[PDB]
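Chain identifiers are assigned alphabetically (A, B, ...) following the order of the sequence lines, protein sequences preceding nucleic acid strands; residue numbering begins at 1 within each chain. Side-chain atoms are counted along with the backbone in the values below, which use heavy atoms only and exclude waters and symmetry mates.
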Amino acid sequence: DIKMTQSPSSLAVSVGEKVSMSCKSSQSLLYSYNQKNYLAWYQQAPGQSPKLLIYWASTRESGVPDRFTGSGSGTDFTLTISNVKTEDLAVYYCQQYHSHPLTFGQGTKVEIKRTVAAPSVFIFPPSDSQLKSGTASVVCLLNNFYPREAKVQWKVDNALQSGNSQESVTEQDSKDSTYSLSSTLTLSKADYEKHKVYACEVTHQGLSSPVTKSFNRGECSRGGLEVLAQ
Amino acid sequence: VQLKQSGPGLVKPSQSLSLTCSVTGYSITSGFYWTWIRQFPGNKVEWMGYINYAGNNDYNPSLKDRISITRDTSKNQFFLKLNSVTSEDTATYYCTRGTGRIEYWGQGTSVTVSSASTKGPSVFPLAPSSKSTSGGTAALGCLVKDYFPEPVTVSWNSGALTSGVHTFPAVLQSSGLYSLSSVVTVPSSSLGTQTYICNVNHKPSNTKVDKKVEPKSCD
């Protein structure tokens, strides 16, 4: 089988810059009689199927802008993106169709660099619906931040919590190149009712000092009831 | 041409995976290689094989004698069958139309190989309040907890609300069930007057839930 090796596993590039990635094959994809290279490039944006970009190593698909350029010959190939745009975020794949089985490179992930953006931090107490079922999930949201690195610490009555939370991070946004992140703390109902202060503390490069959002157990009331308290 | 995939997203180990690709806009007898490709967790992409316009096949030797690709010309469908599956066959499966290069791709079918039983999610509100309001922006959402297998889809207001939505990748909990949240930021001045409903669909369990998310007062 022909082994495809894509050299930069991931790269970060700023909007407007120019970047290149390489695809090396274990055998020549060039057919002498043809003097064509049987190679294709695909772009796979988050949540989507791969999209054909380049074939015959350097022919663009209909609709592919000129800033995508494939080059190389034989066993050495290159995809170049110039005038990088935010929507160029994707995994780029090469594919040989010289021999069977058809084989693909393992992908080059292209991430967009931008200016620092501090997260907006939001906290959500558990619902009465969930508490009735025996569990309390407390959710801390970090919204629309850059870079991806961030630290979330749960404190319950000033005790640091560890091992009882899970984080999830979105793919980079295709318009503003930011990330969002959730951290979910899970306790039994019995454990939840034993404590008062629930706090999410966030550390991030865009925050000159850490940000804490918190609530006290029971301090929230269903919407509509406030006419009885105001 | 349009390629529309269907078939179950959960298969028990040692059983058979069967998927269907429905083609419109082009007859599968007129030309091309009607091709199955799969993408593993971790992004490796593998060519599985094809049936061509004449009904003949070629397969990846890595799939030994486990694979069959067939067709039904009267329905303009072609099919994947993969026998004796294991966790190594958990992947997203794409039907495609190829001619060396692969120009057209289906939407993809997530297939999980597991003995675990299907389970529909519970949906809980992430209620907007002062604790989730910054400036004139409030965040709200839905927690979609304890389902199996992937995937779930989440829309807001039946798809009328898309701006500012973040539907997080699911995480597998220590219980072996998935959970995710979907959140959205909206004008805090809309909380009195705009209804917000998250529409959750878990096709593997035939579970559909609409959850109205109403504000809370926190002080």
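Sorted by first then second residue, the salt bridge (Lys or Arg N to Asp or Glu O under 4.0 Å) pairs that include residues 167-177 of chain A, not counting sequence neighbours, number zero. Within the structure, salt bridge (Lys or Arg N to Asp or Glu O under 4.0 Å) pairs that include any residue of residues 20-34 of chain B do not occur (at least two apart or interchain). Residue pairs meeting the ring-ring contact (aromatic ring centres under 6.0 Å, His included) criterion with at least one partner in residues 97-118 of chain B, sequence neighbours excluded, are A/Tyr42-B/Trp105, B/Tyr94-B/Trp105. Judged as a salt bridge (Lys or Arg N to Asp or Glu O under 4.0 Å), the pairs with a partner in residues 82-94 of chain A (not counting sequence neighbours) are, in order, A/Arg67-A/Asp88. Residue pairs meeting the side-chain hydrogen bond (donor to acceptor under 3.5 Å, both in side chains) criterion with at least one member in residues 112-134 of chain A, sequence neighbours excluded, are A/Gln130-A/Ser137. Applying the salt bridge (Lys or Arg N to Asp or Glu O under 4.0 Å) rule to pairs touching residues 99-115 of chain B yields B/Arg97-B/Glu103, B/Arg101-B/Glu103, sequence neighbours excluded. Applying the side-chain hydrogen bond (donor to acceptor under 3.5 Å, both in side chains) rule to pairs touching residues 112-124 of chain B yields nothing, sequence neighbours excluded.
B/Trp156 and B/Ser182 share a side-chain donor-acceptor pair at under 3.5 Å. Side-chain N/O atoms of B/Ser155 and B/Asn199 include a donor and acceptor closer than 3.5 Å. When only modelled atom types and interatomic distance are considered, B/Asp146 and B/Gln173 share a side-chain donor-acceptor pair under 3.5 Å. Between the side chains of B/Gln77 and B/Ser22, a donor-acceptor pair is found at a separation under 3.5 Å. Looking only at atom types and distance, the side chain of A/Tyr93 has no donor-acceptor partner in the side chain of A/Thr108 under 3.5 Å away. For A/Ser20 and A/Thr80, the side-chain atoms include no donor-acceptor pair closer than 3.5 Å.
Heavy atoms of other residues, nucleotides or ligands lying less than 6.0 angstrom from NZ of B/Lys44 number more than 12. Atom NZ of B/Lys12 is surrounded by more than 12 heavy atoms from other residues, nucleotides or ligands within 6.0 Å. Remark: A/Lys189 NZ is loosely packed, at most 12 non-hydrogen atoms of other residues, nucleotides or ligands lying under 6.0 Å away. Atom CZ of A/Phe68 has more than 12 heavy atoms from other residues, nucleotides or ligands within 6.0 Å.
Residues A/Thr170 and A/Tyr179 share a closest heavy-atom pair of O-CD2, 3.6 Å. Scanning all heavy atoms of the two residues, the minimum distance from B/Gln5 to B/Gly108 falls at OE1-N, 2.9 Å. Of all heavy-atom pairs between B/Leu82 and B/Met48, the closest is CD2-CE, 4.2 Å. Residues A/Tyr92 and A/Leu79 approach most closely at CD2-CD2, 3.7 Å, considering heavy atoms. Counting all heavy atoms, side chain and backbone alike, B/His202 lies closest to B/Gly120 at ND1-CA, 3.9 Å. Here the closest non-hydrogen pair linking B/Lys145 and B/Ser179 is CG-OG, 3.2 Å.
Looking only at distances, no side-chain donor or acceptor of A/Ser177 sits under 3.5 Å from a matching main-chain atom of A/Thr86. Proximity of a side-chain donor or acceptor of B/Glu214 to a complementary backbone N or O of B/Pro128 within less than 3.5 Å is not detected. A donor-acceptor contact shorter than 3.5 Å is absent between the side chain of B/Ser190 and the backbone of B/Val186. A donor-acceptor pair under 3.5 Å is absent between the side-chain atoms of B/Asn157 and the main chain of B/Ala160, judged by distance alone. Here the side chain of A/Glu17 pairs a donor or acceptor atom with the backbone of A/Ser14 at under 3.5 angstrom. Counting only distance, with no hydrogens or angles, the side chain of A/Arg60 and the backbone of A/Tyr55 share no donor-acceptor pair below 3.5 Å. Looking at A/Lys213, its side chain does come within 3.5 Å of a backbone N or O of A/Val121 through a donor-acceptor pair. Looking at A/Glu226, its side chain does come within 3.5 Å of a backbone N or O of A/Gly224 through a donor-acceptor pair. With hydrogens and angles disregarded, no donor-acceptor distance shorter than 3.5 Å links the side chain of B/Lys81 to the backbone of B/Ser16.
Scored by the ring pair (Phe, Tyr, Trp, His ring centres under 6.0 Å) test, B/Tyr50 finds B/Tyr33 as partners (sequence neighbours excluded). Residues that satisfy the side chain to side chain contact (heavy atoms under 4.5 Å, CB included) test with A/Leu142, not counting sequence neighbours, are A/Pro119, A/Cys140, A/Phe145, A/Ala150, A/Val152, A/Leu181, A/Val202. For A/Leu89, the side chain to side chain contact (heavy atoms under 4.5 Å, CB included) partners at least two apart in sequence or on another chain are A/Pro46, A/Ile112, A/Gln172. Every side chain to side chain contact (heavy atoms under 4.5 Å, CB included) that A/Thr212 has, sequence neighbours left out, goes to A/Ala199, A/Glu201. In this view, A/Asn144 and A/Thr178, A/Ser180, B/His166 satisfy the side chain to side chain contact (heavy atoms under 4.5 Å, CB included) rule, not counting sequence neighbours.
Counting heavy atoms from C-beta outward, A/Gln43 and A/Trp41 have side chains that stay 4.5 Å or more apart. Between B/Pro121 and B/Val144, some side-chain heavy-atom pair lies under the 4.5 Å cut-off. No side-chain heavy atom of A/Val139 sits less than 4.5 Å from a side-chain heavy atom of A/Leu185. Residues B/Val23 and B/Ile28 are in side-chain contact: their nearest non-hydrogen atoms beyond the backbone lie under 4.5 Å apart. Using a 4.5 Å cut-off on side-chain heavy atoms (C-beta onward), B/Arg38 and B/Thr92 make no contact. Between B/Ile102 and A/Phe104 the shortest side-chain heavy-atom distance falls below 4.5 Å. Using a 4.5 Å heavy-atom cutoff, the side chains of B/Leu17 and B/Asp89 are not in contact. Within the 4.5 Å cutoff, no side-chain heavy atoms of B/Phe40 are placed close to those of B/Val45.
Between the OG atom of A/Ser182 and the CG atom of A/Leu141 there is a distance of 7.5 Å, given to the nearest 0.5 Å. Here the straight-line distance linking atom CG of A/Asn143 with atom OG of B/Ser132 works out to 11.0 Å at 0.5 Å rounding. In this structure, B/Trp34 CH2 and B/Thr70 OG1 are separated by 14.5 Å, a value rounded to the nearest 0.5 Å. For the atom pair A/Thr135 OG1 and A/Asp191 CG, the distance stands at 10.5 Å (nearest 0.5 Å). Going from atom OG1 of B/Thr153 over to atom CG of B/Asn201 covers 4.5 Å, rounded to the nearest 0.5 Å. Rounding to the nearest 0.5 Å places OG of A/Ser165 at 10.5 Å from CD of A/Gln153.
In this structure, A/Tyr192 has its ring center closer than 6.0 angstrom to the ring center of A/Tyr198. Aromatic rings of B/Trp36 and B/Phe78 (six-membered ring for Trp) have centroids within the 6.0 Å cut-off, being under it.
Salt-bridge formation is not detected for the pair A/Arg217/A/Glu219: no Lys NZ or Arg NE/NH1/NH2 atom is positioned less than 4.0 Å from an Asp or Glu carboxylate oxygen.
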